[PDB]
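Below you'll find only one chain, the form deposited in one PDB entry, shown as structure tokens.
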């Protein structure tokens, strides 16, 4: 009986709330496909600062190194916002976990359920053409980490990429498109940036190994228009760290349902950190209304990309698809009639049992 070790870092605010549902779902589907989890809980972020004085402790970091994946909640809150900037929960948890496990690829899905057309800020006619996009963002390179300097009269940052960096994120994009609708858009600014011309060179060469995939190119400025005017053309969108950061946020916006958005941050060895894309939501941390679907979908991405448990993952995604299409939703999705956090989780679990 194969056992998967998960480091569960629920974090702050709604984190521990939504996590409870994700673990309920994981424990069930584990048992249904006859594998087991060792779900190992540790403090991260605000909770860790209150306990150990640091957002990320050595004991938590060691647990992560001993695990196969990190299932991650949300970190941050007003209690901890008077700390110096570099010690705040968000900054001091995630950046070091990414560097330390070499999490260079960030995968952000944007698939708008037919049920939730109305929640998008785009007119329904644009959304009805069908929106199912995977943003693949290079996560540890580029301008955020290049040589920088802050002067009294002059300051600079450097957008630097190596071939190796570009290749490894490009492959994950091509691998993804191969089992989706066979299309990658590379988003860059190749009309003016040297780094972008390299991107094109290295990605055109990776594309030669993937004859099933149609590779297209689009400047970041045109992409920003396109995500609003006609997002149905995208399948997989491959972006640098900065352009992906900007455009995954725009995607989150046209999607409409923040509580549904998931995220995977992966290395090249099957290891990943999986989390809701939305933050800690302190406004509602004291209530029982947080949408747990993001976190649950994150757990499904975990199942796929780290444990190669594709049926388990697909069950969980189907069950959320069905629950929504039956009108069973949390407050952020339907203001007038809604389930509480634990009822939604229970609804999903109920749905999974019938199969």
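Numbering follows the first chain given and starts at 1.
The form deposited in another entry exists for this protein as well; it is not shown, and the discussion that follows is about that form.
Relative to the rigid parts that move between this form and the one not shown, the hinge contains 104, whereas the other entries in 25, 70, 280, 104 stay over 12 positions from any hinge. Panel note: the distance between the CA atoms of residue 210 and residue 308 is smaller in the other form than in this form, the difference being 3 Å or more. In the other form, the CA atoms of residue 180 and residue 35 draw together by 3 angstroms or more relative to this form.
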